[PDB]
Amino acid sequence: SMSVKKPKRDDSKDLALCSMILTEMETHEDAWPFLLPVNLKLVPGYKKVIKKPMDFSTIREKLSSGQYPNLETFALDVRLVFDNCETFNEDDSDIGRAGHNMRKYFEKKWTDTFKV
């Protein structure tokens, strides 16, 4: 509260660390469904069903241009990729499996990087 400062984590390396995580994501063999925005002209349903599309190229651009206020906003966009993937794709399909794999990959890096 006013004039009562809470201790806060050192956030100075967050940008570099999130960039590194995103690079690891981008180069994963199963990243292929997530590299570019879902093609709204070619993918019937997508536009209407998925209210907030997100993908790794969009996140990279946002990260490179100061559009994440903090590391949590970054993680929210990463998780949004995988949440959209699950909404739109069967768990059993190649894309749905890829999404599950990439979510797991991401969360382990997230915990290992930012949870002490």
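Residue indices: 1-based, along the sequence shown. What we label the rigid core is the largest C-alpha set whose atoms superpose within 1.5 Å from one form to the other.
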* Structure fact -> The stretch that moves more in 9 other deposited structures of this protein, judged by RMS C-alpha distance from this form after core superposition, 103-111 or 5-13, is 5-13
* Averaging the C-alpha B factors as listed in the entry, name the stretch that ends up higher: 97-105 or 6-14. => 6-14
* Asked: Which has higher Cα B-factors on average according to the PDB entry: 20-28 or 88-96?
  -> 88-96
* Looking at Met54, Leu63, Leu42, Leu76, which has the highest Cα B-factor in the entry? -> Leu42
* Against its chain's modelled residues, does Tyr68's Cα B factor rank lowest, middle or highest third? -> middle
